[PDB]
Structures are given as C-alpha cells and as structure tokens.
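**Student:** Here you go, one structure.
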RNA sequence: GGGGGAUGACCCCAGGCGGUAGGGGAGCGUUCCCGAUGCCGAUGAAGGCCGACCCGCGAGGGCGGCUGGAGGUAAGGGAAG
RNA sequence: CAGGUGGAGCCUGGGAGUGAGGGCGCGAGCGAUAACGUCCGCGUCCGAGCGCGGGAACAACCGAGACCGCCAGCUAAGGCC
RNA sequence: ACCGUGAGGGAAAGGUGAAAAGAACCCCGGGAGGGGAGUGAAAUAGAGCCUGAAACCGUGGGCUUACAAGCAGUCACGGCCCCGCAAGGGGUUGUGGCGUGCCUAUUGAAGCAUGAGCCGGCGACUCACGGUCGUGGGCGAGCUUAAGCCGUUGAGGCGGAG
Ligand SMILES: [Mg+2]
Ligand SMILES: [Mg+2]
Ligand SMILES: [Mg+2]
Ligand SMILES: [Mg+2]
Ligand SMILES: [Mg+2]
Ligand SMILES: [Mg+2]
Ligand SMILES: [Mg+2]
Ligand SMILES: [Mg+2]
Ligand SMILES: [Mg+2]
Ligand SMILES: [Mg+2]
Ligand SMILES: [Mg+2]
Ligand SMILES: [Mg+2]
Ligand SMILES: [Mg+2]
Ligand SMILES: [Mg+2]
Ligand SMILES: [Mg+2]
Ligand SMILES: [Mg+2]
Ligand SMILES: [Mg+2]
Ligand SMILES: [Mg+2]
Ligand SMILES: [Mg+2]
Ligand SMILES: [Mg+2]
Ligand SMILES: [Mg+2]
Ligand SMILES: [Mg+2]
Ligand SMILES: [Mg+2]
Ligand SMILES: [Mg+2]
Ligand SMILES: [Mg+2]
Ligand SMILES: [Mg+2]
Ligand SMILES: [Mg+2]
Ligand SMILES: [Mg+2]
Ligand SMILES: [Mg+2]
Ligand SMILES: [Mg+2]
Ligand SMILES: [Mg+2]
Ligand SMILES: [Mg+2]
Ligand SMILES: [Mg+2]
Ligand SMILES: [Mg+2]
Ligand SMILES: [Mg+2]
Ligand SMILES: [Mg+2]
Ligand SMILES: [Mg+2]
Ligand SMILES: [Mg+2]
Ligand SMILES: [Mg+2]
Ligand SMILES: [Mg+2]
Ligand SMILES: [Mg+2]
Ligand SMILES: [Mg+2]
Ligand SMILES: [Mg+2]
Ligand SMILES: [Mg+2]
Ligand SMILES: [Mg+2]
Ligand SMILES: [Mg+2]
Ligand SMILES: [Mg+2]
Ligand SMILES: [Mg+2]
Ligand SMILES: [Mg+2]
Ligand SMILES: [Mg+2]
Ligand SMILES: [Mg+2]
Ligand SMILES: [Mg+2]
Ligand SMILES: [Mg+2]
Ligand SMILES: [Mg+2]
Ligand SMILES: [Mg+2]
Ligand SMILES: [Mg+2]
Ligand SMILES: [Mg+2]
Ligand SMILES: [Mg+2]
Ligand SMILES: [Mg+2]
Ligand SMILES: [Mg+2]
Ligand SMILES: [Mg+2]
Ligand SMILES: [Mg+2]
Ligand SMILES: [Mg+2]
Ligand SMILES: [Mg+2]
Ligand SMILES: [Mg+2]
Ligand SMILES: [Mg+2]
Ligand SMILES: [Mg+2]
Ligand SMILES: [Mg+2]
Ligand SMILES: [Mg+2]
Ligand SMILES: [Mg+2]
Ligand SMILES: [Mg+2]
Ligand SMILES: [Mg+2]
Ligand SMILES: [Mg+2]
Ligand SMILES: [Mg+2]
Ligand SMILES: [Mg+2]
Ligand SMILES: [Mg+2]
Ligand SMILES: [Mg+2]
Ligand SMILES: [Mg+2]
Ligand SMILES: [Mg+2]
Ligand SMILES: [Mg+2]
Ligand SMILES: [Mg+2]
Ligand SMILES: [Mg+2]
Ligand SMILES: [Mg+2]
Ligand SMILES: [Mg+2]
Ligand SMILES: [Mg+2]
Ligand SMILES: [Mg+2]
Ligand SMILES: [Mg+2]
Ligand SMILES: [Mg+2]
Ligand SMILES: [Mg+2]
Ligand SMILES: [Mg+2]
Ligand SMILES: [Mg+2]
Ligand SMILES: [Mg+2]
Ligand SMILES: [Mg+2]
Ligand SMILES: [Mg+2]
Ligand SMILES: [Mg+2]
Ligand SMILES: [Mg+2]
Ligand SMILES: [Mg+2]
Ligand SMILES: [Mg+2]
Ligand SMILES: [Mg+2]
Ligand SMILES: [Mg+2]
Ligand SMILES: [Mg+2]
Ligand SMILES: [Mg+2]
Ligand SMILES: [Mg+2]
Ligand SMILES: [Mg+2]
Ligand SMILES: [Mg+2]
C-alpha cells in the first residue's frame, strides 16, 4: 500500500498559520516565515513571563519609595523598618495601599521608623 | 540578466506605496454653449462647437 | 488584585530658581520631577508628570574649570561639520540651553522621553508667562 | 526503480556553469515521474510455522469453543439432499437459528451445498479444519465422521 | 435593488483598466458617462460598455429609472493570462503574459427623495 | 473595611462580597474556610507583626478550577531543539463573606 | 525510590528532571488488511472553511456552524511506497 | 584500615557517536620574557549552557546549572545622582 | 506534439448532470460577455463546468498610522470597534519594558560564511538471503523440515533427503 502525503501536510500548515494570525507581512501568510516567527514569540513569552514578575515589583518599589519620601524616608530604610518592625506584610505589591489607603500607609510609616531609627 | 539587480523582493506594502501617485484625474469638462452635452474647455465642443470659427458642424 | 493605574489626573506646574544651583545636581531633580516619580501613582507608560518652569537660567553655578574645559559638540551631516562649543560661549550666547541640554540627556530616550522634555520651560534670568500655578521649591 | 524506468540514461545538463542545479538522468527519484526508492516488489509473505504449534492451536481453538459450550457434535443431520431450505429446517430443530455465526464441519458434500449460502454459515470439510475459521465463527458444529478425523489430527 | 454588468476575459491588463474604473466608483451615471468619454485611456472603452450594459440592465430588467442610478460598486479582477514566448538575445527566450480582465460594474438607485 | 490575607505565598486585599481566585485549596466546593491568617485591618491601627493573632476572615470555596491554558514553548536555534508543553494552573474560587476583626 | 497491599496508572512522602553527536522508552497520525453478508450515512460519507468550546504534556482526538454531495469505517489487532 | 548509597563501583553483553576543538588560569618548550601565535602538562568553562544576572554592547571573565505556573519573598555578581 | 542532420530524445493533457433538460425569447454589445426568462434537487453543477485548499490579485467594512528607527515579535497597561444579561472574551495598537531570522557548516554565525522569491504536490534507513544479539511463544536431549505429493469458497495436511 502507498501512503501519499494526502491531507496531513496541509493541516499542520493550517494549525501554525492560525497561531500566526495578525503578524506582519508574510509572517502570517507563509507557513515558513510564520513558523520562524512563532519560535521567537514562543521564547519571548516564556522569558517575558519570568520578567513580568520583575517589571511589576520594580514598579511597586518606585511607587512606594515615593509615597514614603513624602514622609521623609528612603525606601531603603522604610523596608529595614518593617523588617525589624516584624511587619512582614507590605508584599510590595500591596502598596496600592500607599495609594488607596494613605492613612493606613502613614501609620505603617510610623511603625516603620519606630524601630531602628 | 546582468549587472545591477534587486537584492530583495519588494514587499506588497512598499510597491503599493510607490503607487500612491498613480491615481488618475477625471477630465476637466465644461457645459457646452449651444448643445446641452458636456465637453472639455477651449475645444470645438463636438456638436456644432462655435460661431465665428467653423464649428465642425454636426448640423 | 490588579495593580492600581491612575486616570488623567492633574497637570501640575512647578517653579524653580536655578541661580546658584550647581547644574547636574539640579538636572537630576528636574528630571525625576519631569516624570512624576515623586508621585506615588508613578506610571512608566503614560507621562503623568509635572510641568517644570525654570528661571534665572544663566546663573547656574558649576565647579572645576568647566567654563573653559567642557565642550558641547555638534555634527552636521557634512565633512568636517563637527562643531565644538565651550561652556563660556554657550552661556554668553545661549544660556537656558546649557540646562535644557543637561535635562534632555537625563530624560529617557523614546517618543515618551521626548514630550516630557517638552514639559520644561527654561528661561534666561527671571520672568516668564504665569498662566498656570507655580509652587516654587528647592 | 531508477533502472527500471523508461527514460534515457543521458545527463540532463553539463554539471557546471549552467546556473541550474545538478543532475544526471531524469529517472532519478528526485524527479517527478522518476523511479521509486525502496518501494515494494513482489514477495512471499509465507513462513513455516512449527507443526507442533499448528496442532496445539487447532486443539485449543476447539477446546475454547467447547469450554463455553458453543461446540456441538451431531449425527447424520437428516436435513441433507443438498437444499438450503432443507438444512435450514434441520438447523432450526437443532438450535441453530442464525442468531450467531456457525462453522459447519462435515465430510458430507450435500450438507455443505445446503448450508453454503447462509450469510451466517461458513461451511468446511473435515480435513480443512483451521483455527482462523473456528475463531471467526461463534458456534462450532461438527458431525461424528468429522470429529474422528479432527481427533486423529491432534496427537 | 441593484443592477450589474460583467465583462469577462477582456484582453487587457487589470492594473491598467482598474485605473479608469477607480475614476468612476460612486459617480452618478451621468458623470460616469462624461468622464469615460473624455478619459484618454484604452481602458475607458471597455468600462463604458460594461457601465452602459449595467444601465440597460437596470431599466429593461429591474425597474430603476436611468435618472436615479449611480455606480454603487465597481471592480476588475484578474482573469487567466495568455502566456507568449519572446525571443531574446543569445538564444534566451522569455515569456510575456498578455493578461486578462474581469470588469464588474454594479449600479444602485440614488436615494432621490 | 478591608483585610490583607495570605493564601498560597501571596497576599490579597479582601473585601466582603468579593470573588477571588487563589492557588488550588484542599476544601471541597461546599466547605467554608477562614484563613486564620490576616495582615491588616481596614479601619487601620491594627497591623502589628506578621499576623494579627485575633483576626481571621471567612470565605466559602465556590469550586476548584483550571485556568486558561498557556502554551509554554522552547526553541534553541541551530541545534534542532524544540519543546511544546501545554499548561493550565489549577485554582480555587472563593467568595469573601465575613471579616472577623 | 520508600511507603499504604488499590497494586499499578490511586493516595502519601522524598528526591532527579539545561543539553549537540548519540543510546534508551513510550505514544500520536497517514495508506492498506482482519474485525464486515457487520456498523455509520441523503434527517448528508470523504474532503473543504470557521471556532474564543471540550479532552490530551505534546503529536493529536472531539464537538458545533457553513460548504460538499457518496462514501466512510469502532473497540482489538495486522502490514507499510 | 575507616567514613562515603551515589544517574556510585564492578562483571558479561546490545547500540553508539567522537578520533578537526576552542578560550582562560597555572606550569614549561618553540617564538621576540611578539601574536585572538604555536606545542605539551594540570585544571576549568564554551563546545552541547548563543538559556538567565553582571561586565555599555560581547561563546567561554564574575554570578549562577533554566521541569511547569504566580502582579509573593531572600539573595549572588554587580550596584544604589 | 516537440527537439535533433541522424542514431536518438520525448512531454503535457481524465471528471457538467440521475437525465442535455447544454439555457427558446427579450435587453445592453460589432462580437466576447453579461442581465432577465427557462431547465435542474442544486446553475459560485453553464460547458475555461464535481469537490475547489495555498501562494497571488481585488472590492467593502472595523481598528490603526504622516517627530519616529526596525529579525517586526513578546509582556504590560491603557484607548476605540464587536460578542455577551453577567463576570468574561475577540479584534485592532498608542505608549512603556525586553528582544542578533531559519537551516547548514564550524573552535566560534544576526552574522558581511552555505542554502532558500512564495505556495501546493513529489522527494531519502528498504528488501532478500545469511549472521549475531535481544525478545514473544512451541517443543526440549532433542528441535526442525526442503523440494515435492495430496487437498483447498484466501483450508490445510503430508513429505525426515537434509
Ligand atoms: Mg489506494
Ligand atoms: Mg511524503
Ligand atoms: Mg493581536
Ligand atoms: Mg526573581
Ligand atoms: Mg522584608
Ligand atoms: Mg496592498
Ligand atoms: Mg530506460
Ligand atoms: Mg524512452
Ligand atoms: Mg537506465
Ligand atoms: Mg551514458
Ligand atoms: Mg541562481
Ligand atoms: Mg515527465
Ligand atoms: Mg512512474
Ligand atoms: Mg520480514
Ligand atoms: Mg514458506
Ligand atoms: Mg508448503
Ligand atoms: Mg455463507
Ligand atoms: Mg539564434
Ligand atoms: Mg495597640
Ligand atoms: Mg539565536
Ligand atoms: Mg553550535
Ligand atoms: Mg508499590
Ligand atoms: Mg517533584
Ligand atoms: Mg532532558
Ligand atoms: Mg529508557
Ligand atoms: Mg498509530
Ligand atoms: Mg470487508
Ligand atoms: Mg439509517
Ligand atoms: Mg434528499
Ligand atoms: Mg449539511
Ligand atoms: Mg480513505
Ligand atoms: Mg480540531
Ligand atoms: Mg464535513
Ligand atoms: Mg446542501
Ligand atoms: Mg475500516
Ligand atoms: Mg481515516
Ligand atoms: Mg487499527
Ligand atoms: Mg518515501
Ligand atoms: Mg570503606
Ligand atoms: Mg556513568
Ligand atoms: Mg560494561
Ligand atoms: Mg558492543
Ligand atoms: Mg585522524
Ligand atoms: Mg586531532
Ligand atoms: Mg590540543
Ligand atoms: Mg578539552
Ligand atoms: Mg583546555
Ligand atoms: Mg573571547
Ligand atoms: Mg593570578
Ligand atoms: Mg598568548
Ligand atoms: Mg590557539
Ligand atoms: Mg579556572
Ligand atoms: Mg561541533
Ligand atoms: Mg554563557
Ligand atoms: Mg557544562
Ligand atoms: Mg551573540
Ligand atoms: Mg548575552
Ligand atoms: Mg549583560
Ligand atoms: Mg551574559
Ligand atoms: Mg536542574
Ligand atoms: Mg530551580
Ligand atoms: Mg531585600
Ligand atoms: Mg554584597
Ligand atoms: Mg553602573
Ligand atoms: Mg526542427
Ligand atoms: Mg525533425
Ligand atoms: Mg478539473
Ligand atoms: Mg457523467
Ligand atoms: Mg454518477
Ligand atoms: Mg442591439
Ligand atoms: Mg444568460
Ligand atoms: Mg435563473
Ligand atoms: Mg425551479
Ligand atoms: Mg445552491
Ligand atoms: Mg446567472
Ligand atoms: Mg459551492
Ligand atoms: Mg468557477
Ligand atoms: Mg456543484
Ligand atoms: Mg479553472
Ligand atoms: Mg457526482
Ligand atoms: Mg468548479
Ligand atoms: Mg481594503
Ligand atoms: Mg525633534
Ligand atoms: Mg504623531
Ligand atoms: Mg524608515
Ligand atoms: Mg516592534
Ligand atoms: Mg489590549
Ligand atoms: Mg478587551
Ligand atoms: Mg517600544
Ligand atoms: Mg513594543
Ligand atoms: Mg531596547
Ligand atoms: Mg562549510
Ligand atoms: Mg569552515
Ligand atoms: Mg573555520
Ligand atoms: Mg544580511
Ligand atoms: Mg561566500
Ligand atoms: Mg546568509
Ligand atoms: Mg561551503
Ligand atoms: Mg543549508
Ligand atoms: Mg543567493
Ligand atoms: Mg528562480
Ligand atoms: Mg512544500
Ligand atoms: Mg534478517
Ligand atoms: Mg535478526
Ligand atoms: Mg494437485
């Protein structure tokens, strides 16, 4: 029996061409240029997922180091404050608190410098 | 076949961009003195076009 | 819990003196001000920063022999079109450039980097249009 | 193969400076319409399965049928004189209602003629007993003059 | 209610004729006629015929009134190309393709109150 | 009045009547859970150390889940190296009922 | 790997899991054969075009809509252009 | 003679690929106490970690061996106008 | 067919429908072609005819773009358009962060080293007979037949030379 290519090849090409929807020029029209692009996008996403974690923390910090600079304070010290203050809270992420709950942040600033001043 | 040659196939984008000036302009027409039909200016409008100069009469 | 992101907020205006202030030291601050990194709702992708006005821009102090030794260069696309300009001449010819240039180079590069520079009105000596506010500072 | 194809053995172009690729004759498998690499040729799929194994399997195949009671020896039938309607009549009185496939093993020529055409009957001679036919058919129905031969086959 | 004509397999290169068609898309059949008349392009001849056929089709087939119809939609598609050998220097031989057009003119009725 | 809870090495701002997704929990969709772990009171002043020893917040498991699949792929050029893996992060959906201060 | 005698494909617990040349192990799909005098099919086969849905790590398998208009072929196996 | 249960060791066998290495450190020869030179030795990394952080950018210098997910935390080199 | 003086080389090219019922007549046109009418279950089955993928070319619509710079993606946010009661999702992209094509060959390639215009189809670890291991079974001091002979709905058996 002879098993011709048949229908199989067109299908694999369709699968990838669909993942390449919206890409520029041929990168979305040619199976080859599409597959090359997907390789790229595959590693970017993966690397960028690991560094999305970075880019946010970075943001949180800048946000914080500004709200407590309003209360005369280095971010660097503020953090040391909470470290010794026992306050293992903040979770830096939770400094929308510093933006949504200013009074609640201010009180933390106090407990902050309260220890090690 | 010979010396200088294109190094890369020009994209659909860049060729059509070249065409951005290939658009046509419709003929400048004016209503005709006698006949109602439209004809281009300063030409003996093709239906008895003038008066003093022979109007290549369709009459 | 998504991180908070500010809406159109407030177009702030701030006034600075310059006279006697070093230069880079002042530039540092004016930059951080330009991109509201003092505001606790700082956002890198938006431009929610203060508009900065600066007066007495020509009485910017500066250490060492920088009046003679420090040179600003400019390359025209042409051959030998690299021009060299010393601080002295700049100040004497076009102050407010010496400081504008120190800030341009301290704002980030990009379409947003620009624009932030646009939000910076440097003037020779005192005076300027006082349409908006101007909470002067140090 | 590229040697059995119809085309000439001539080299298609010089080999250098032609600016084209690089070829010999168009009977090569790279060419459309060229020979076929490692395609099939006629071949004998048979082999000599150990006889001691053929027996065993034939035995066990019957056993398995008996072990589930789907096996049946019968005598002379009565519905002979090769006519399907006649057999079909006998079959009824015997339990075989064509609700399950039957492998009818008998030496009697006429009984086979009679059953042959039933879409639920595969009929076979006694010296023709093979295991494949046993395992396809649900019920196994032999006569005594056919159980004897099958009996002497094994052992 | 619209009316269309279609010239198929017209021996002309689409790119060429598509240029005069763009000259009349959306125009009142009255302009469309005056424009083609005085457009200096082989393409006009063919488009005129299609446009005119589409007009006739409107009146004598769909009831529309030669006085309220405009070029609603229009387009030319590429039909199968006539391949031809062009003898070339040093024995070369190229193929020019005489291309083919499928001209479509569809007519609508002007909202005329 | 809000609270700052910690479930699954992550801290969230829980309001009453709030639907929250969290790392998959060991509590069948019926059960109700207080995460005896709290970090901050909404009317403030109450913060102290890691966890406030008194407070806890009650939430009901609304059901476990599996998040939309992210395709995590790996490719090393010029070495013929490709890997494709599908991933869905199992979660649990909670409703925040009472903030026991 | 060690447990809990479900003995697997279950729950525990603890560890390993970058990778070319290569070794090894499991699977997916294509054509054909047994399964077929069967089963699916005009209330629509194969193929085609969509899909934000379902299942699988993945190769893939579903399911639904449109097209198409006469074939297709389970479970379990077998052979390869 | 002891510790050391390790993707340790040993024995018999099936399958290999490699037999073009390269940078760096240290020890020599050749060279000019030249070479991104060359030839050995002992180590290491790149090779195959052109994955991640630092070094402006940079296979082999510093940090560190990437199973998967997290809008959590501590750190390494290196840094904190 | 075509190529070659010649020996010789040597292709492409199948499919309407069940049935021509293969579209009378009318309109535009010189025709071609098309528009109605009509046939058909179907006419994007209309004879450049089954299905009709991809490259490729168009028309229309949504989003988007003229002070920004790049392996074209990716991660974030935000706008505008669409779906949905809903929360959610789909589309597009303004800004910000990150970012040196694929294959090959190499000590080392984004590499200014090889190959590739793009798409579709064809395209390369085989088979026989021996051998050597492993493995699933049969029988075990034994194991096994070859050619042939008989039989045969694709039925097996016999055959002991070796
Ligand atoms: Mg076939
Ligand atoms: Mg193939
Ligand atoms: Mg998109
Ligand atoms: Mg980290
Ligand atoms: Mg801390
Ligand atoms: Mg275009
Ligand atoms: Mg031959
Ligand atoms: Mg021949
Ligand atoms: Mg030959
Ligand atoms: Mg020869
Ligand atoms: Mg070439
Ligand atoms: Mg041929
Ligand atoms: Mg052939
Ligand atoms: Mg074999
Ligand atoms: Mg044989
Ligand atoms: Mg034989
Ligand atoms: Mg029968
Ligand atoms: Mg000649
Ligand atoms: Mg107290
Ligand atoms: Mg690379
Ligand atoms: Mg390599
Ligand atoms: Mg066990
Ligand atoms: Mg584990
Ligand atoms: Mg591995
Ligand atoms: Mg293994
Ligand atoms: Mg399979
Ligand atoms: Mg059959
Ligand atoms: Mg039925
Ligand atoms: Mg019907
Ligand atoms: Mg249907
Ligand atoms: Mg088939
Ligand atoms: Mg599918
Ligand atoms: Mg279908
Ligand atoms: Mg239909
Ligand atoms: Mg089948
Ligand atoms: Mg199939
Ligand atoms: Mg099968
Ligand atoms: Mg093959
Ligand atoms: Mg010992
Ligand atoms: Mg080992
Ligand atoms: Mg060994
Ligand atoms: Mg060996
Ligand atoms: Mg050698
Ligand atoms: Mg050597
Ligand atoms: Mg060496
Ligand atoms: Mg070495
Ligand atoms: Mg070495
Ligand atoms: Mg180096
Ligand atoms: Mg040293
Ligand atoms: Mg040296
Ligand atoms: Mg060297
Ligand atoms: Mg070392
Ligand atoms: Mg190598
Ligand atoms: Mg490295
Ligand atoms: Mg290593
Ligand atoms: Mg590099
Ligand atoms: Mg790097
Ligand atoms: Mg670096
Ligand atoms: Mg690095
Ligand atoms: Mg590891
Ligand atoms: Mg790890
Ligand atoms: Mg720290
Ligand atoms: Mg340190
Ligand atoms: Mg530095
Ligand atoms: Mg001739
Ligand atoms: Mg001749
Ligand atoms: Mg055809
Ligand atoms: Mg026919
Ligand atoms: Mg037929
Ligand atoms: Mg006429
Ligand atoms: Mg007609
Ligand atoms: Mg009709
Ligand atoms: Mg009808
Ligand atoms: Mg129809
Ligand atoms: Mg028609
Ligand atoms: Mg159709
Ligand atoms: Mg057609
Ligand atoms: Mg049809
Ligand atoms: Mg055709
Ligand atoms: Mg048919
Ligand atoms: Mg067709
Ligand atoms: Mg368009
Ligand atoms: Mg500018
Ligand atoms: Mg702009
Ligand atoms: Mg440009
Ligand atoms: Mg980009
Ligand atoms: Mg968006
Ligand atoms: Mg959205
Ligand atoms: Mg950018
Ligand atoms: Mg970007
Ligand atoms: Mg960058
Ligand atoms: Mg080479
Ligand atoms: Mg080389
Ligand atoms: Mg070399
Ligand atoms: Mg290049
Ligand atoms: Mg070269
Ligand atoms: Mg190249
Ligand atoms: Mg070479
Ligand atoms: Mg290559
Ligand atoms: Mg080339
Ligand atoms: Mg070419
Ligand atoms: Mg292909
Ligand atoms: Mg063999
Ligand atoms: Mg063997
Ligand atoms: Mg005979």
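Residue numbers (the authors' numbering), protein chains in the order written: chain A1, 2 to 118; chain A5, 2 to 60; chain AM, 1 to 138; chain AF, 53 to 207; chain AS, 1 to 113; chain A2, 1 to 101.
For every residue, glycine included, the Cβ atom is placed at its ideal position computed from N, Cα and C.
From the DSSP output, read off the bridge partner residues of residue 51 (chain AM).
**Tutor:** Counting from one through the third chain, the residue named residue 51 (chain AM) turns up at place 51. Looking at the DSSP assignment, residue 51 (chain AM) forms a beta bridge with 13 (chain AM).
**Student:** For the alpha helix (DSSP H) containing residue 30 (chain AS), name the first residue and the last one.
**Tutor:** On the fifth chain, residue 30 (chain AS) is found 30 positions in, with the first residue counted as 1. Start and end: 29-37.
**Student:** Got a sec? Which residues, its chain only, sit under 6 Å from residue 194 (chain AF) by beta carbon, not counting five neighbours each side?
**Tutor:** Stepping through the fourth chain from its first residue, residue 194 (chain AF) is reached at position 142. The residues are 125 and 157.
**Student:** Should residue 138 (chain AM) go down as buried or exposed, given a rule of 16 or more other Cβ atoms within 10 Å for buried?
**Tutor:** For the purposes of this step, residue 138 (chain AM) is identified with residue 138 of the third chain, where counting begins at 1. Burial call: exposed.
**Student:** For residue 79 (chain AF), tell me which candidate among 57 (chain AF), 73 (chain AF), 71 (chain AF) and 91 (chain AF) has the shortest Cα-Cα distance.
**Tutor:** Within the fourth chain, the letter at position 27 stands for residue 79 (chain AF). Taking only the C-alpha atoms, the option nearest residue 79 (chain AF) is 57 (chain AF).
**Student:** Look at residue 63 (chain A2) and residue 92 (chain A2) and say whether their C-beta atoms are less than 9 Å apart.
**Tutor:** Indexing the sixth chain from 1 puts residue 63 (chain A2) at position 63. Indexing the sixth chain from 1 puts residue 92 (chain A2) at position 92. Taking 9 Å as the Cβ cut-off, residue 63 (chain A2) and residue 92 (chain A2) qualify as a contacting pair.
**Student:** Could you tell me which residues DSSP puts in a beta bridge with residue 75 (chain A2)?
**Tutor:** Sequence index remark: in the sixth chain, residue 75 (chain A2) carries index 75 (1-based). The partner list for residue 75 (chain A2) (beta bridge, DSSP) reads 82 (chain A2).
**Student:** Run through DSSP, which three-state label would residue 78 (chain AF) get?
**Tutor:** Residue mapping note: residue 78 (chain AF) aligns to position 26 of the fourth chain, counting from 1. Correct three-state label for residue 78 (chain AF): coil.
**Student:** Can you tell me which of 25 (chain AS), 61 (chain AS), 80 (chain AS) and 78 (chain AS) puts its alpha carbon nearest to the alpha carbon of residue 51 (chain AS)?
**Tutor:** As a first step, residue 51 (chain AS) is located in the fifth chain; it is residue number 51 there, counting from the start. That would be 25 (chain AS), whose Cα lies nearest to the Cα of residue 51 (chain AS).
**Student:** Would you call residue 76 (chain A2) buried or exposed, if buried means 16 or more other Cβ atoms sit within 10 Å of its Cβ?
**Tutor:** Within the sixth chain, residue 76 (chain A2) is the residue found at index 76, counting from 1. That one is exposed.
**Student:** Does DSSP classify residue 76 (chain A1) as helix, strand or coil?
**Tutor:** Counted from its first residue, the first chain places residue 76 (chain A1) at position 75. If DSSP states are grouped into helix, strand and coil, residue 76 (chain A1) belongs with the helices.
**Student:** Here's the rule I'm using: 16 or more other beta-carbon atoms within 10 Å means buried, otherwise exposed. How should residue 50 (chain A2) be labelled?
**Tutor:** By one-based count along the sixth chain, residue 50 (chain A2) stands at place 50. By the neighbour-count rule (16 or more Cβ atoms within 10 Å), residue 50 (chain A2) is not buried but exposed.
**Student:** For residue 63 (chain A2), which of helix, strand or coil comes out of DSSP?
**Tutor:** In the sixth chain, counting from the first residue as 1, residue 63 (chain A2) sits at position 63. Residue state, collapsed to three classes: strand.
**Student:** Nearest to residue 72 (chain AM) by CA position, among 86 (chain AM), 64 (chain AM), 66 (chain AM) and 62 (chain AM), is which residue?
**Tutor:** Within the third chain, numbered from 1, the residue matching residue 72 (chain AM) stands at position 72. Ranking 86 (chain AM), 64 (chain AM), 66 (chain AM) and 62 (chain AM) by Cα distance to residue 72 (chain AM) puts 86 (chain AM) first.
**Student:** Could you tell me whether any non-hydrogen atom of ligand 6 is closer than 8 Å to the CB of residue 13 (chain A5)?
**Tutor:** Residue numbering aside, residue 13 (chain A5) sits at position 12 when the second chain is read from its first letter. True, at least one ligand heavy atom lies under 8 Å from that Cβ.
**Student:** Please list, in chain order, the residues of the stretch 52-71 of chain AS that have any C-beta partner in chain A5 closer than 8 Å.
**Tutor:** Here the close residues number zero.
**Student:** Is it true that the CB of residue 55 (chain AM) sits closer than 9 Å to the CB of residue 128 (chain AM)?
**Tutor:** In the third chain, counting from the first residue as 1, residue 128 (chain AM) sits at position 128. In the third chain, counting from the first residue as 1, residue 55 (chain AM) sits at position 55. Taking 9 Å as the Cβ cut-off, residue 128 (chain AM) and residue 55 (chain AM) qualify as a contacting pair.
**Student:** Please say whether residue 132 (chain AF) and residue 155 (chain AF) have beta carbons closer to each other than 9 Å?
**Tutor:** For this step, residue 155 (chain AF) is matched to residue 103 along the fourth chain. For this step, residue 132 (chain AF) is matched to residue 80 along the fourth chain. Not in contact: residue 155 (chain AF) and residue 132 (chain AF) (Cβ atoms no closer than 9 Å).
**Student:** Among 202 (chain AF), 55 (chain AF) and 93 (chain AF), which has the Cα closest to the Cα of residue 76 (chain AF)?
**Tutor:** Mapped onto the fourth chain, residue 76 (chain AF) falls at position 24. Residue 55 (chain AF) is the option with its Cα nearest to residue 76 (chain AF).
**Student:** Got a sec: is the Cβ-Cβ distance from residue 23 (chain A5) to anything in chain AS below 9 Å?
**Tutor:** Locating residue 23 (chain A5) in the second chain gives position 22, counting from the first residue. By this cut-off, residue 23 (chain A5) is an interface position.
**Student:** Start and end of the beta strand (DSSP E) containing residue 71 (chain AS)?
**Tutor:** Working through the fifth chain from its first residue, we reach residue 71 (chain AS) at position 71. Where residue 71 (chain AS) is concerned, the enclosing beta strand (DSSP E) stretches over 69-86.
**Student:** Could you tell me which residues DSSP puts in a beta bridge with residue 101 (chain AS)?
**Tutor:** Numbered from 1 along the fifth chain, position 101 holds the residue referred to as residue 101 (chain AS). Beta-bridge pairing links residue 101 (chain AS) to 10 (chain AS) and 78 (chain AS).
**Student:** Which residues of the stretch 86-107 of chain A1 have a Cβ closer than 7 Å to any Cβ of chain AM? Give them in chain order.
**Tutor:** The stretch 86-107 of chain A1 vs chain AM, Cβ under 7 Å: 97, 99, 100 and 101.
**Student:** Compare the Cα-Cα distances from residue 31 (chain AM) to each of 133 (chain AM), 110 (chain AM), 134 (chain AM) and 104 (chain AM) and report the closest residue.
**Tutor:** Here residue 31 (chain AM) corresponds to residue number 31 of the third chain, with the count starting at 1. Here the closest residue by C-alpha is 104 (chain AM).
**Student:** Quick one: complete alpha helix (DSSP H) runs, 4+ long, within the stretch 148-174 of chain AF?
**Tutor:** Segments of the alpha helix (DSSP H) lying fully in the stretch 148-174 of chain AF: 161-167.
**Student:** Classify residue 12 (chain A5) as helix, strand or coil using the three-state DSSP reduction.
**Tutor:** Within the second chain, the letter at position 11 stands for residue 12 (chain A5). DSSP places residue 12 (chain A5) in coil when its eight states are reduced to three.
**Student:** For residue 26 (chain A5) and residue 23 (chain AS), what's the separation of their Cα atoms in angstroms?
**Tutor:** If you number the second chain from 1, residue 26 (chain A5) lands on position 25. If you number the fifth chain from 1, residue 23 (chain AS) lands on position 23. In a straight line, the C-alpha of residue 26 (chain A5) is about 7 Å away from that of residue 23 (chain AS).
**Student:** May I ask you to report which of helix, strand or coil DSSP gives residue 98 (chain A1)?
**Tutor:** Working through the first chain from its first residue, we reach residue 98 (chain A1) at position 97. If DSSP states are grouped into helix, strand and coil, residue 98 (chain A1) belongs with the helices.
**Student:** Quick check on DSSP: helix, strand or coil for residue 43 (chain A2)?
**Tutor:** Walking along the sixth chain from the start, residue 43 (chain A2) turns up at place 43. Looking at residue 43 (chain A2) - three-state DSSP - the assignment turns out to be coil, as it is neither helix nor strand.
**Student:** In angstroms, rounded to a whole number, what distance separates the CA positions of residue 74 (chain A2) and residue 83 (chain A2)?
**Tutor:** Position 74 of the sixth chain, counted from the first residue, corresponds to residue 74 (chain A2). Position 83 of the sixth chain, counted from the first residue, corresponds to residue 83 (chain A2). Computed Cα separation, rounded: 5 Å.
**Student:** If contact is defined by three or more beta carbon pairs under 8 Å, each pair taking one atom from either stretch, is the stretch 48-63 of chain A1 in contact with the stretch 82-98 of chain AS?
**Tutor:** Verdict: no, contact absent.
**Student:** Does any residue of chain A1 have a CB that is nearer than 9 Å to the CB of residue 54 (chain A2)?
**Tutor:** Along the sixth chain, one-based indexing puts residue 54 (chain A2) at 54. So no, residue 54 (chain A2) is outside the interface.
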